[PDB]
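Report on the following structure.
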Amino acid sequence: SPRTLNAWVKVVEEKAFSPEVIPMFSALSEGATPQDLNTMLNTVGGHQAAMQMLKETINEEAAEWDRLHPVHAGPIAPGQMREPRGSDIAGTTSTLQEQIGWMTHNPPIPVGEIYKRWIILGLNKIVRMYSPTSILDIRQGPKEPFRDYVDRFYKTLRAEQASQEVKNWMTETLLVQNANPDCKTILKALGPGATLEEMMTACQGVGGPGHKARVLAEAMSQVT
Amino acid sequence: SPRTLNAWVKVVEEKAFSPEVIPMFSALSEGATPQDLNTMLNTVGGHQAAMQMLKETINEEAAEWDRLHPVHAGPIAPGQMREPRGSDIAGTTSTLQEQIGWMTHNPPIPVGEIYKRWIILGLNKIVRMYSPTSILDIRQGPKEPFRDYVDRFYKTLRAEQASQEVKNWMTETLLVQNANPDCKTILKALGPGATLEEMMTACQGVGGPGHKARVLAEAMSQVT
Amino acid sequence: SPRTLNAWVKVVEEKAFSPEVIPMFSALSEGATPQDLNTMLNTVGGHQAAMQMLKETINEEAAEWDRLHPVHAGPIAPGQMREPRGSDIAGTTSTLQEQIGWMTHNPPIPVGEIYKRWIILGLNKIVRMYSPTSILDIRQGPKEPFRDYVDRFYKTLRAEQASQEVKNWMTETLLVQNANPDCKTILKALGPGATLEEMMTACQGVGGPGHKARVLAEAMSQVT
Amino acid sequence: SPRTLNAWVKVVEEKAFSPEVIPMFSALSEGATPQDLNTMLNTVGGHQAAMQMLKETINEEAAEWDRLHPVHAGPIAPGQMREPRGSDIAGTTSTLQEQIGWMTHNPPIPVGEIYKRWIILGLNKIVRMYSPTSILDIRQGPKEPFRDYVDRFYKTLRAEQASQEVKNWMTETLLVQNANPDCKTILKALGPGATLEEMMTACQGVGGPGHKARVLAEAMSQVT
Amino acid sequence: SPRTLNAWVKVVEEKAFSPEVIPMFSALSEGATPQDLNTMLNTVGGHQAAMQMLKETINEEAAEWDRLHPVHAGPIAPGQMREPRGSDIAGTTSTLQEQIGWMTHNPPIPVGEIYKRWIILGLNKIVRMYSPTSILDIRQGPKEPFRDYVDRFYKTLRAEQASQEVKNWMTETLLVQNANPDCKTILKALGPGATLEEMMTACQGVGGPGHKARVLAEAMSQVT
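Chains as they are written, first to last, in the authors' numbering: chain A, 148 to 371; chain A', 148 to 371; chain B, 148 to 371; chain C, 148 to 371; chain A'', 148 to 371. A prime marks a further copy of an entry chain.
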């Protein structure tokens with residue numbers, strides 16, 4: 148049902164790729180047509196590296212299935228259902244009718260369950276080798292233009308799922324907190340009544356010769 | 148058998164590409180169908196440069212076999228088994244039936260043993276020209292952002308095979324030990340009760356003008 | 148497939164008997180013949196207490212199944228498939244042909260799924276009541292010969308899964324760190340340029356009357 | 148040939164279970180009847196834990212072969228050679244005639260080769276998990292009677308392979324060198340012109356109340 | 148013969164692409180089938196730029212031969228041997244039978260000798276325009292991380308042909324000698340009893356702000 152799909156998405160929305168989703172997946176799916184499961188796959192939030200590695204793994208295993216099983220056919224009378232092939236197990240190249248015709252036919256060749264095993268194993272691989280990134284993990288290096296940082300922060304911000312108040316509040320907090328000590332000092336040098344442009348301009352002053360000269364002079368001044 | 152496969156994997160798991168695996172390979176395999184051996188190949192831990200050079204060598208030698216042996220056929224009556232070709236020796240393009248049909252047929256043309264010789268020689272080439280990397284070998288250059296270092300260390304960490312306690316213990320130890328003297332000093336400047344974020348922020352302060360100015364000032368201060 | 152087996156082994160290799168393996172197991176298996184599953188059982192790393200308790204639980208439950216279900220047969224004409232018995236559910240005493248003949252026959256009596264439930268429950272019991280041991284957990288008591296300790300440490304070391312550099316590095320670190328304060332003092336009494344033998348001999352001197360006399364005398368010296 | 152057997156023994160005599168014997172084994176054997184190979188097994192120097200683990204592994208793998216392959220026979224006319232069984236692959240229960248009759252018959256079912264693979268894998272397991280002990284590794288604990296030590300040393304001495312001069316020379320050297328500092332001091336308290344009995348008696352004095360009292364008194368004396 | 152091939156390889160092993168190999172080539176080959184010569188080509192140590200330029204030159208000259216000689220055929224009765232084409236002169240696209248059939252046929256069209264002339268000219272071009280690199284020629288620039296240098300040195304080391312003692316001896320010597328004066332000073336600042344890791348760490352300290360500040364301070368100190 149659609150609510151099951153939304154439920155899956157809800158399971159994916161949080162605790163993403165924690166050692167939870169695999170059994171929840173296997174427990175929620177309980178078998179499906181390869182198309183419906185491929186839909187249950189593609190209906191997610193559209194992750195990049197995860198789904199990349201997913202299609203990779205699935206494709207490789209499909210190729211392995213293709214290699215291991217030649218399953219030559221013909222010249223038998225076209226009265227039978229042929230046989231599933233590694234590319235056929237995928238949602239592509241196949242139709243629901245023959246799929247039901249397969250799953251219904253006996254012996255019960257489990258193409259969908261095998262695909263489920265495949266996507267499960269792949270999902271496990273992803274769970275192991277994938278490390279997600281949050282907005283709190285965004286920080287600027289030792290020296291970079293603040294423009295790229297704020298741009299990166301905003302573009303990264305809109306990618307994260309949250310409310311508006313949570314968004315702009317976190318924007319404020321993380322933006323002022325996660326800045327480099329230098330820029331942070333230059334930002335905190337004045338009262339927090341300034342807008343973004345002012346801080347950006349204050350940060351635009353950074354990186355220039357006058358900055359380094361001023362800091363170096365001040366350093367040698369307080370030192371000597 | 149599967150345990151033989153797992154045993155091979157176990158032999159590959161440690162002492163990887165030491166002057167051990169070649170005879171152990173030849174001694175464990177004791178001949179196989181090209182498909183089963185190709186499986187015994189692809190069933191490994193999924194190394195990159197090794198298997199790259201492997202497929203490279205195999206492909207080249209296959210091409211050499213193709214070039215050296217034209218072995219034209221026809222117009223003989225299709226009552227015989229044809230002849231193996233360089234691309235046929237590989238697991239691809241071939242089926243187990245004709246392979247057994249070949250190995251069983253006399254004179255005993257050894258396609259699998261030749262492929263074994265090929266993969267052996269290739270594996271030797273790999274053994275010679277491949278230098279593996281451990282987690283202990285991970286170190287940061289003279290000046291780099293600590294973010295890339297910790298990210299590299301973690302992503303490199305999860306790639307290495309070990310236990311959880313061993314993992315995070317080694318994480319702690321190698322992370323604090325393998326740091327640059329500067330960052331290491333900045334890290335050891337405070338008691339080791341801080342989390343990763345604190346050290347990251349302390350390392351985020353590095354690379355800026357204030358840092359260099361402070362160190363330079365301190366240097367000229369202790370000098371003059 | 149073999150890769151599924153290696154995948155299971157990989158799942159067992161780390162996070163062993165954490166609240167992960169049960170759903171992963173049930174999700175990866177998706178049902179199997181009792182023989183293939185018994186293979187999937189015996190193909191593991193060869194744990195002792197776990198598999199012990201496993202065979203125990205399975206045997207007990209099998210006995211319970213034997214007791215609860217007399218299922219007397221005869222004198223029916225030998226045209227039917229008989230019925231599964233508790234000892235028959237196990238991989239032993241049974242053949243794949245009749246097993247497929249059973250699973251294929253209707254009503255679909257689920258012997259393999261029941262065995263899966265059994266091994267699952269047993270695996271859960273193991274997950275609950277089993278505490279694994281690492282190399283870091285190895286420590287010598289208040290007074291023992293260092294020989295037994297280093298022997299235990301080495302024999303315990305080779306049992307743990309890791310790389311060579313990781314092995315000998317951990318060997319060094321854990322060996323020097325996990326020693327008793329006394330022996331550790333006697334070990335750190337000299338520069339860490341000595342080999343194992345020197346430290347062993349230094350530790351061989353411990354426990355004798357001269358040692359206790361020296362320490363006691365020194366104690367009474369610094370006291371009085 | 149016998150010289151091949153003696154050569155194998157010679158290969159076993161030194162570098163025992165180093166990462167050498169496996170290729171040398173597989174290369175020297177070049178296939179054999181299970182009886183002749185079982186002889187090549189039992190003809191060794193009669194090691195304990197190694198051969199123990201060997202028979203263990205072989206028996207387990209044999210049981211696995213028994214389980215995996217029911218290979219039911221009958222009611223076929225007794226004109227054929229039956230089929231090898233896991234217990235049959237071993238030197239026991241089988242005769243050379245049927246073995247040659249098997250290996251000669253086609254398709255060439257490789258029983259001896261499989262047994263070779265088995266003993267190879269087992270030998271690898273032994274190579275990994277077995278740590279041999281030398282005479283140099285013999286040392287007395289913190290406090291033990293010297294009688295047990297010299298007895299252990301002698302009984303351990305005769306077990307090691309060497310010449311007579313090498314034996315008694317090593318006896319002298321290792322006996323005087325590997326002793327505990329206390330006993331070593333008591334031994335070196337006099338010129339090395341004494342026989343074993345004198346040192347034994349001198350060591351017999353150790354462990355008593357007078358000894359500990361004397362050492363403790365001397366300690367407190369040099370201290371206070 | 149094979150020894151002639153190994154002899155060629157031996158001629159290539161040293162004095163590579165010196166004004167020697169061309170006449171030695173022409174004198175050793177003394178004509179060959181294009182396949183055997185193409186083998187005599189590909190059987191070398193697998194050089195990169197040389198063989199690159201070689202295939203380049205050969206391909207270009209082949210294209211020139213293709214352009215200059217249209218040599219249209221047909222509709223002659225297929226009783227004759229056709230004619231060699233630029234792509235046919237190469238080992239590819241041709242078989243030994245027709246090649247011998249050509250060389251044997253009169254007038255003696257010299258395809259192999261022409262190919263020999265081609266590869267000779269190409270080899271001359273290579274001799275002129277190719278400058279080989281040794282391990283002694285490996286040096287680090289004014290400022291680079293020592294990691295890349297040692298990695299480059301090792302990977303370059305294993306590429307060079309020499310013995311083990313020669314290898315590691317040259318490793319030591321060239322590694323300590325070819326280092327930059329700065330790093331060399333930092334390396335020679337301590338006794339040459341340190342391992343690679345220590346020097347690497349000492350070199351890891353280089354490039355940072357503290358380094359430059361220290362050197363600059365010391366400079367201004369000794370200056371002022």
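For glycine and all other residues, C-beta sits at the position ideal for the given N, C-alpha and C.
Look at A''/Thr-280 here: in three-state DSSP terms it is coil, with no helix or strand label. Judged by DSSP in its simplified three-state form, A/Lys-359 adopts helix.
Excluding residues up to 5 positions away in sequence, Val-323 lie with their Cβ nearer than 8 angstroms to the Cβ of B/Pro-339 in the same chain. Contacts with chain A' (Cβ-Cβ distance below 8 angstroms) from the segment 185–215 of chain B involve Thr-186, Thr-190, listed in chain order. When C-alpha distances from A''/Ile-236 are compared across A''/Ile-285, A''/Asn-185, A''/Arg-150, the shortest belongs to A''/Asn-185. Residues of the segment 148–162 of chain A' with a C-beta less than 8 angstroms from any C-beta of chain B: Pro-149, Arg-150, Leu-152, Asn-153, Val-156, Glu-160, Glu-161, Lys-162, listed in chain order. Using a 10 angstroms sphere on the CB of B/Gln-244, the tally of other CB atoms stays under 16, which defines it as exposed. For the pair A''/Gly-193 and A''/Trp-212, the CB atoms are not nearer than the 7 angstroms cut-off. In this structure, the beta-carbon distance from A/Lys-290 to A'/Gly-355 falls below 7 angstroms. For A/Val-168, the enclosing alpha helix (DSSP H) covers residues 168–176. Against chain A, the beta carbon of A'/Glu-365 has neighbours under 7 angstroms at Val-370, listed in chain order. Contact with chain A is found for B/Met-171, since one of that chain's Cβ atoms lies less than 7 angstroms from the residue's Cβ. Secondary structure note for A''/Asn-327: it is in no alpha helix (DSSP H), with a DSSP letter that is neither H nor E. It is roughly 23 angstroms from the alpha-carbon of C/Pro-231 to the alpha-carbon of A'/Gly-248.
Taking 8 angstroms as the Cβ-Cβ cut-off, the segment 319–330 of chain C approaches chain B at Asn-327, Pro-328, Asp-329, given in chain order. Between the segment 278–285 of chain A' and the segment 173–181 of chain A', the count of C-beta pairs closer than 8 angstroms stays below three; the two stretches do not touch. The beta carbon of A''/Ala-220 is closer than 7 angstroms to those of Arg-229, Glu-230 in its chain, skipping five residues each way along the sequence.
Around the C-beta of A/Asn-189, fewer than 16 other C-beta atoms lie within 10 Å, and the residue is accordingly described as exposed. In this structure, C/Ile-266 is the residue among C/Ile-266, C/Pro-225, C/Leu-343, C/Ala-209 with its C-alpha nearest to the C-alpha of C/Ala-197.
A straight line joining the alpha-carbon of C/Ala-174 with that of A/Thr-251 spans about 54 angstroms. One thing to note: C/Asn-253 has its Cβ no nearer than 7 angstroms to the Cβ of C/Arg-286. A buried status is given to A/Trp-155, since no fewer than 16 other beta-carbon atoms sit within 10 Å of its beta-carbon. The residues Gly-354, in chain order, have a CB closer than 7 angstroms to that of A/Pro-292 in the same chain once the five nearest residues on each side in sequence are set aside. Between A'/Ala-366 and A''/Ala-364, the C-beta gap is smaller than 7 angstroms, which places the two residues in contact. Per DSSP, reduced to three states, the secondary structure at A''/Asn-253 is coil, with no helix or strand assignment. Looking at the backbone, the Cα of A''/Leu-343 and that of A''/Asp-298 are separated by about 12 angstroms. CA-to-CA, the gap between A''/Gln-227 and A''/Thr-242 works out to about 16 angstroms. Annotated three-state conformation of C/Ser-234 is helix, per DSSP.
CA-CA distance, A/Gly-352 to A/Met-346, rounds to 10 angstroms. Secondary structure note for B/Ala-349: its alpha helix (DSSP H) is the uninterrupted segment 343–351. Rounded to the nearest whole angstrom, the CA to CA distance from A'/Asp-329 to A''/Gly-357 is 7 angstroms. Taking 7 angstroms as the cut-off, the beta carbon of A'/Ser-310 is found no closer than this to the beta carbon of A/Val-370.
Using a Cβ-Cβ cut-off of 7 angstroms, A'/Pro-217 counts as an interface residue toward chain A'', since at least one Cβ of chain A'' sits closer than that to its own.
Residue nearest to A'/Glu-307 within the set A'/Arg-150, A'/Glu-160, A'/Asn-153, A'/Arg-214 is A'/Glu-160 (criterion: CA-CA distance). Chain-order list of chain B residues neighbouring C/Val-168: empty, with the shortest C-beta distance near 18 angstroms, by a criterion of under 8 angstroms.
Contact of A''/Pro-356 with chain A' is assigned, a C-beta pair being separated by under 7 angstroms.
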